[PDB]
């Protein structure tokens, strides 16, 4: 998808991987971030969930997919 450039997390998911959904930081229901990005950010009382994904990429740092307050440390 289009999205922003700059300091976004490359990470890509293969067929038996884990990501995190966060209904609080997300722009739409298919946004997700990789495990390190979630744990290196602050989501304490957000409505997050674990997801076993078979594909996609981490939305961390891309403000067209993820609220910037939900970025982890290494992505602004």
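Residue numbers count along the first chain shown, from 1. In this text, rigid core is short for the largest set of C-alphas that superpose within 1.5 Å between two forms.
- With every structure aligned by its rigid core, 52 to 60 is the stretch of 52 to 60 and 21 to 29 whose CA positions lie farther away in 9 other deposited structures of this protein.
- Here the rigid core sets the fit, and in 9 other deposited structures of this protein the C-alphas of 9 to 17 stray farther than those of the other stretch, out of 62 to 70 and 9 to 17.
- Legend: mean Cα B-factor per stretch from the PDB entry, 9 to 17 versus 49 to 57; the higher mean is in 9 to 17.
- For the pair 38 to 46 and 23 to 31, the mean Cα B-factor is higher in 38 to 46.
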